[PDB]
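Notes for the one structure printed next.
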Amino acid sequence: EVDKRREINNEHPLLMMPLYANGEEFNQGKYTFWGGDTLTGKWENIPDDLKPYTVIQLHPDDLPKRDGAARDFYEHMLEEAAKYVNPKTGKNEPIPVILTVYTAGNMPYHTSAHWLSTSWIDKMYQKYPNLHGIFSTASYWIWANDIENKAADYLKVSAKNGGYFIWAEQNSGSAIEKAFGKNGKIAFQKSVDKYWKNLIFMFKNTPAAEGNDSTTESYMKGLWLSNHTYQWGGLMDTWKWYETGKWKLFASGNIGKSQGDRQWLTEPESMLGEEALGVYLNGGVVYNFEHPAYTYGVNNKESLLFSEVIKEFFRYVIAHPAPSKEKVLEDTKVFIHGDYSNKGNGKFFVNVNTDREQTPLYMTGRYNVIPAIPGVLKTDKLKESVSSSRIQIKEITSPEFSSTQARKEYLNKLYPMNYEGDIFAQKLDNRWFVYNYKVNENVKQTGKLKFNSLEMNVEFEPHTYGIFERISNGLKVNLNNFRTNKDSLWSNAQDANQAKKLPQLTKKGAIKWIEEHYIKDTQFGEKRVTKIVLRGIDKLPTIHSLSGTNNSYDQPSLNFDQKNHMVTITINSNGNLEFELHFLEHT
Ligand SMILES: CC(=O)N[C@@H]1[C@@H](O[C@@H]2O[C@H](CO)[C@H](O)[C@H](O[C@H]3O[C@H](CO)[C@H](O)[C@H](O)[C@H]3NC(C)=O)[C@H]2O[C@@H]2O[C@@H](C)[C@@H](O)[C@@H](O)[C@@H]2O)[C@H](O)[C@@H](CO)O[C@H]1O
């Protein structure tokens with residue numbers, strides 16, 4: 001084993017920071033990124049506490065489809081990253097980089113990345129110590145004849161150099177199963193056997209109309225737990241709103257895939273945090289997002305989605321490392337072996353822990369994410385673990401998994417019910433994680449959670465998540481319901497028929513919209529109410545360390561009922577929010 005170029009694990013998570021090459025400006029002799037970020041400017045503006053955990057991911061986007069274009073662009077940027085000088089100290093501090101080397105099956109009619117050989121990649125790894133890995137993304141829809149063979153070579157060249165091969169893929173058309181050798185292409189399977197410690201596998205939730213969210217994330221988790229990948233994560237993509245044909249928030253009717261650039265702006269900001277929780281809460285540690293202009297920002301500035309949701313969330317997972325592989329293994333009661341493609345794909349979990357076929361969210365944390373691996377793999381390395389002796393390893397073809405009812409009946413006997421209410425909740429140590437699981441329906445949800453004898457009832461509007469931690473002197477609360485008003489994008493359309501016929505915003509139009517109406521002159525959403533009720537309280541709680549998104553919240557209201565030893569907390573907000581409540585329990 002060659003020394004790893006960086007650590008990626010629960011204590012050292014990874015936020016990938018995408019920069020998409022501007023192919024049009026490249027033809028004009030310029031080296032630039034769509035959205036106006038610059039390599040140096042972007043890096044400098046990453047907060048210093050995040051710098052150790054963030055890596056610039058170059059993507060060749062629409063660079064010309066011919067030999068030399070991607071190499072030329074990439075070498076230019078690697079040179080800039082390598083020569084970076086910290087202006088605060090004057091020292092040369094090379095910027096860590098990942099190169100996107102494979103995408104869209106590397107078809108010469110799809111991507112300039114086709115003309116990046118393994119020899120060139122080896123050469124860059126040897127020249128640039130700051131090149132930490134290479135990235136393959138989104139070939140599920142164009143599964144090239146040699147994709148597994150190429151993947152094997154990418155992992156091996158990364159291992160050779162101590163870097164990481166990162167592959168983001170969704171289980172559309174059995175992609176994850178094929179990658180590990182389902183259809184007899186076994187080169188990557190053999191590669192993984194030798195080099196799994198340099199592999200990161202992520203979901204890519206883009207193709208949302210196919211509903212493979214739950215099954216792909218299950219695989220990513222199970223691959224990790226069974227030592228087929230070093231760590232896992234997900235790429236969470238606001239393009240899901242386009243794929244599923246949604247338009248104005250909560251509006252009725254479906255417009256299909258007809259208004260791409262309005263659509264990828266519309267996903268509520270806080271909902272990305274809800275998606276990211278499914279990674280964190282299940283031991284995943286790698287995070288990436290599209291569309292980059294909305295999810296990260298433009299012109300070296302943070303978008304509000306980034307500043308108020310993603311940055312906060314990522315800081316959270318650094319401060320509170322995700323459950324270790326050992327811990328997840330200890331908590332795992334069922335591990336599935338077999339192919340979800342032969343059991344309805346995403347339908348497998350519908351009305352088990354997901355509320356519909358097309359959603360990136362869960363409706364209960366009761367089973368958290370049930371881990372699985374494709375039928376083609378073996379559970380040998382899983383069973384070798386000191387931490388796996390209490391796991392039921394089951395074939396997906398078992399009668400326990402044959403229908404929706406059978407799955408719930410079997411899982412319920414092994415995963416006890418641990419809260420009440422129709423709402424998402426999952427518990428980790430002294431922390432309750434809660435979210436409203438509605439995607440595009442304006443319906444409040446409620447739940448009742450317990451910290452031993454202390455009862456906490458919550459009421460949440462859609463696109464709201466909370467983390468509630470029982471601390472020695474009370475309760476720490478982190479809340480996030482940040483959702484700006486996107487209606488202006490859908491103005492002039494009173495129904496789906498008219499919405500579908502709006503003039504295209506276009507890629508350039510959307511980037512301009514972000515600059516003019518999101519980075520500034522933002523149409524913030526209305527403050528909305530969250531209720532928290534605590535029962536079993538001695539005296540009126542006191543509030544401490546209250547902060548949140550600037551100008552986004554009213555002072556929380558506490559109403560203590562002495563006779564019933566209970567407090568009703570009413571919050572009116574739209575943003576991120578944090579405080580502590582200090583109290584003693586009534587005994
Ligand atoms: C769901 C799916 O499989 N779609 C295929 C395309 O892949 C992605 O799909 C998106 C629509 O859901 C969208 O077209 C993505 O590209 C736009 O957004 C990115 C940033 O998010 C860039 O700005 C792209 O330039 C832009 N494309 C256009 C035409 O303006 C697309 O994601 C991109 O392409 C894939 C292959 C991968 O490289 C991603 O990392 C990258 O962001 C796919 O591109 C399309 C091509 O014909 O086919 C769809 O079936």
Side-chain angles (χ1 to χ4, degrees), residues 34-35 138 140-141 170 172 204-213 236-272 274-275 289-295 303-305 345-347 350-351 354-361 363 436-445 461-464 481-518 521-526 528 574:
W34 286 110
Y140 49 84
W141 59 278
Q170 206 71 338
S172 292
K204 193 184 191 274
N205 74 10
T206 313
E210 283 68 65
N212 300 117
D213 296 62
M236 288 146 290
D237 185 357
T238 63
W239 280 99
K240 69 175 66 67
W241 210 262
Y242 166 76
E243 290 297 319
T244 56
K246 303 188 169 65
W247 63 295
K248 175 171 73 185
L249 190 69
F250 301 139
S252 96
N254 189 286
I255 66 162
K257 302 185 207 197
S258 63
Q259 289 291 333
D261 304 286
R262 302 175 191 288
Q263 286 167 293
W264 64 253
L265 287 163
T266 305
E267 173 168 1
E269 288 86 346
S270 59
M271 192 173 158
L272 283 309
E274 296 175 344
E275 307 177 26
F289 303 85
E290 293 180 59
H291 188 297
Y294 175 36
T295 52
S303 69
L304 283 152
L305 202 185
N345 296 296
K347 295 185 179 67
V350 174
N351 293 134
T354 62
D355 78 331
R356 74 195 79 189
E357 288 171 3
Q358 307 163 29
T359 177
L361 309 183
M363 76 182 177
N436 179 315
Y437 66 76
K438 301 303 206 179
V439 178
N440 195 210
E441 310 73 47
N442 197 4
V443 173
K444 293 193 167 82
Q445 294 181 337
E461 284 195 8
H463 322 119
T464 304
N481 64 348
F482 190 56
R483 188 179 74 193
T484 67
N485 184 3
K486 297 289 166 41
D487 287 354
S488 64
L489 293 170
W490 302 103
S491 74
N492 306 336
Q494 68 189 73
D495 58 35
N497 169 252
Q498 297 182 349
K500 183 172 170 180
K501 292 168 185 168
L502 289 171
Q504 294 302 118
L505 177 57
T506 78
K507 168 176 191 173
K508 287 171 170 169
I511 284 159
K512 187 165 203 213
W513 186 89
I514 291 170
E515 294 167 324
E516 290 176 356
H517 305 285
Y518 196 72
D521 297 333
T522 316
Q523 303 305 112
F524 297 101
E526 293 293 297
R528 54 226 188 89
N574 191 133

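Basis for what follows: all heavy atoms, side chains included, without hydrogens, waters or symmetry-related copies. For the single chain, residues carry numbers from 1 onward in sequence order.
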* Can you find a pair of side-chain heavy atoms, one from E269 and one from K486, that are under 4.5 Å apart? -> yes
* **Short side-chain to backbone donor-acceptor contact, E274 and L361, under 3.5 Å** => no
* **Spatial distance of atom CG (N485) from atom NE2 (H517) [nearest 0.5 Å]** => 13.0 Å
* Enclosure of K347 NZ (heavy-atom neighbours >12, cutoff 6.0 Å) -> no
* Asked: Is the number of heavy atoms from other residues, nucleotides or ligands within 6.0 Å of CD (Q504) greater than 12?
  -> yes
* Measure the spacing between OG1 of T522 and CD of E516 and express it to the nearest 0.5 Å. => 12.5 Å
* Around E526, counting heavy atoms of other residues, nucleotides and ligands shown, do more than 12 lie under 6.0 Å from its CD? -> no
* Structure fact -> Rounded to the nearest 0.5 Å, the CD atom of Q358 sits from the CG atom of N440 at a distance of 12.0 Å
* Asked: Does any donor atom in the side chain of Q170 or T206 lie under 3.5 Å from an acceptor atom in the other side chain?
  -> no
* **Polar side-chain atom of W247 near backbone of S252 as donor-acceptor pair, under 3.5 Å** => yes
* Asked: When rounded to the nearest 0.5 angstrom, what is the spacing between CG in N345 and CG in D213?
  -> 11.5 Å
* **Side-chain (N436) to main-chain (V443) donor-acceptor, under 3.5 angstrom** => yes
* Chi angles and distances behind the side chain to side chain contact (heavy atoms under 4.5 Å, CB included) call for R528, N481 -> CA-CA 8 Å; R528 54 226 188 89; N481 64 348; 3.5 Å; yes
* To do: Take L502 and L489 through the test side chain to side chain contact (heavy atoms under 4.5 Å, CB included) and record every step on the way to the result.
  => CA-CA 10 Å; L502 289 171; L489 293 170; over 6 Å; no
* **Single hit among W34, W241, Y242, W264 for ring-ring contact (aromatic ring centres under 6.0 Å, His included) with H291** => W264
* To do: Check the pair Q259 / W490 against side chain to side chain contact (heavy atoms under 4.5 Å, CB included), numbers first and verdict last.
  => CA-CA 10 Å; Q259 289 291 333; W490 302 103; 3.9 Å; yes
* Asked: How far does NZ of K248 sit from OG1 of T266, to the nearest 0.5 angstrom?
  -> 11.0 Å
